[PDB]
Amino acid sequence: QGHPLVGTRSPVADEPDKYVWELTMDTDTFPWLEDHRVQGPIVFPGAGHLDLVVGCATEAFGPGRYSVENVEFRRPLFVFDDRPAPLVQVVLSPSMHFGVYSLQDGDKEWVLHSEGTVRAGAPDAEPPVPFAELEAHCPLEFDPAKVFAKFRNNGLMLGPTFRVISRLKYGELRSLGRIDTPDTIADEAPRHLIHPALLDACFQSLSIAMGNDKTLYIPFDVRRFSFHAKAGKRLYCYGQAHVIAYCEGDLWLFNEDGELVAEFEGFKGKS
Amino acid sequence: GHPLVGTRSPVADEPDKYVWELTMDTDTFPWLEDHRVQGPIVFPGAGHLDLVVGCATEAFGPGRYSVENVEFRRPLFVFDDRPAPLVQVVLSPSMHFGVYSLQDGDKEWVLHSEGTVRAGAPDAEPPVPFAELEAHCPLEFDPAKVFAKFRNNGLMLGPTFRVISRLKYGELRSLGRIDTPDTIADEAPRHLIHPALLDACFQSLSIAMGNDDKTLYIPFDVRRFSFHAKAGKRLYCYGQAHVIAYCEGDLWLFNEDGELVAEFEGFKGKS
């Protein structure tokens, strides 16, 4: 019944404020993994790491607001088809520094995928445009089928569960996207805080803020991710881009009733 | 919608002013019967916090709100001989609020509550984590003992305001379990924190000063009330008193899973 991405924890005696969760990230436990392939292999979406770490922190310290600051994404997490499911470790230090690690079977070394800090609580969120006014602030509309098309044309095989933007609007250095939970994940998504598929789609949405009539971007840095409330079945993602091959922007995720879900400050990306 | 937020009629020459109007009758709110003070029905001074924050929620949206420097001065009566009073939540552009009532045939409105309100809240600082709460308060008191004191001193409390199922205490400490009764179960999810349970929080705190006894205290001042999450069916209120006839304490409201619901800083009281 718990958060599906938080695994077993085995509190070690000589390390009292250290927390380690272990999880086998197989397709049987997570069929949706199939629908985010990058040039062939299945990749756990770099966005997904935020639902993972905060779900872990939630299990240790309790429900509420958590903030994940100075996240670095460096090495992709693969779920290959030829080898068995990888093992994944969320290591939280006493200093509240975290790392996400993976080991493929027969490998000598763990691979660090994500790195940052995490704390309880979050600043008061400051949307530059209130929820109701959002619709009008982004006049122009773009076809979601074209956005998905671009991704695959550059080698990003996105299946139904990662094709979840139903509507999308934009303006100068801004974007607004509607994220709908697909049926394939419906029963399982309320167990997550913000399902990785929907978290990935938020970064998809931001990519339309860079002025384009080409250059694919992937999560690289995040100054602050502040979780405020669980995602519902329908989501409104409002992005504002900042002005090389590094895209940057700030993000505000809302539920349809207008409840802020999460705030991203400094969501940097890379080709 | 929130049952205590009424009609709002935005006035043209006053754009940042909000006024909600409500007839506080027993038919709309049967639970009102169960908090009488020396005869007449009194809207609990604690209830003013669910009212103002429900109003602010309606204007600005769901999320965290903080009500600072609340003064309670004059009781809000729902007499039996006269028709239901009218109640007005006036929110100024400066985010200063007042709660007013007019009884039938009266020339002037009566100010009941006064303070400010803003969006957001500080990160909450429980001095004892939720899990450790149980052990921090060893000694137990009989709730039928506390309701008895109130009645003996002229506070006729009916079933809906007898909601403390369990109560534990220590030096300058208290811990109470607040249960939503069946009579309002159907209506409580519409409130943020039903007034009955909000009143019971102050009931709980009164056991932190008291030493095993006849001095009733009633809400008077609150430096800060910070709302974080809707109340559930079971609630744990942890109070810590501060050391004339003005009691004061800090309160931390928790749900069963340990989700902080509300923080009270500087909850002063008066005989």
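So basically every Cβ, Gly included, is an ideal-geometry build from the backbone, and we count neighbours across all protein chains shown. What follows draws every value from the coordinates through simple rules; no lab data is involved.
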The Kirkwood hydrodynamic radius of the protein assembly as shown, taken as the inverse of the mean 1/r over all distinct Cα pairs, in Å, comes to 25.6
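What trypsin sites (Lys or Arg not before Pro) does segment A:27-110 have in DSSP loop regions with at most 10 other beta carbons within 10 Å? Write out the running numbers ahead of the final one.
Numbers: sites: A:37, A:65, A:74, A:108; in loops: A:65, A:74, A:108.
In loop regions of segment A:27-110 (DSSP not H, G, I, E or B), the sparsely surrounded trypsin sites (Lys or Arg not before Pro) are A:108.
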Of all GluC sites (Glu not before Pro) in segment A:77-156, the ones in DSSP coil with at most 14 other Cβ atoms within 10 Å are A:109
Percent of all Cα-Cα pairs per 10 Å bin for segment A:11-119, counting from 0 up to the last occupied bin, reads 13, 46, 32, 8, 0
In vacuo Debye sum over C-alpha of segment A:92-222, base-10 log of normalised intensity I(q)/I(0) at q = 0.10 Å⁻¹, listed in q order, is -0.46
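Compute the projected area of the convex hull of the Cα atoms of chain A, averaged over all viewing directions, and report it in nm² to one decimal place.
In nm², the orientation-averaged hull projection of chain A is 14.4.
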Total charge of the residues flanking residue A:162 in space, meaning their Cβ is under 13 Å from its Cβ, with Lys and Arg +1 and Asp and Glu -1, is -1
Among A:233/A:270; B:107/B:145; B:17/B:230; A:169/B:233, the pairs whose Cα-Cα distance exceeds 32 Å are B:107/B:145; A:169/B:233
Amide H proximity to residue A:167 below 5 Å, modelled H, separation 5+ or other chain, gives A:178
Extend 7 Å from the Cα of residue B:94 along its Cα-to-C-beta direction; within segment B:10-34, residues with backbone N under 19 Å of that point are B:14-19
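Rounded to two decimals, what is Rg over Rh for segment B:141-207 when you use alpha-carbon atoms and the Kirkwood radius? Intermediate values should be presented prior to the final figure.
Numbers: Rg = 12.1 Å, Rh = 12.4 Å.
Rg divided by Rh gives 0.97.
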Excluding residues fewer than 8 positions from residue A:18 in its own chain, the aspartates and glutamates with Cα under 17 Å of it are A:59, A:115
Hits in segment B:24-61: amide N under 13 Å from the 7 Å Cα→Cβ extension of residue B:8, namely B:52-61
With residue B:96 itself left out, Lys, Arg at +1 and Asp, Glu at -1 over residues whose Cβ is under 11 Å from its Cβ give 0
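With n ≥ 4 as the cut-off for DSSP H runs, can you work out [θ] at 222 nm for chain B, using -39500 (n - 2.57) per run divided by the number of residues, rounded to the nearest 500?
Details: 5 runs with 50 residues, N = 271.
Rounded to the nearest 500, the figure is -5500 deg cm²/dmol.
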Between residue B:28 and residue B:74, the FRET efficiency computed from the C-beta separation at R0 = 22 Å comes out, to the nearest 0.05, as 0.50
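Determine the sum of side-chain charges near residue A:106: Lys and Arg each +1, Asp and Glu each -1, restricted to other residues whose C-beta is under 13 angstrom from that of residue A:106. Provide the component values of the computation, followed by the final result.
Values: positive: A:83, A:108; negative: A:82, A:105, A:107, A:109.
Here the count lands on -2.
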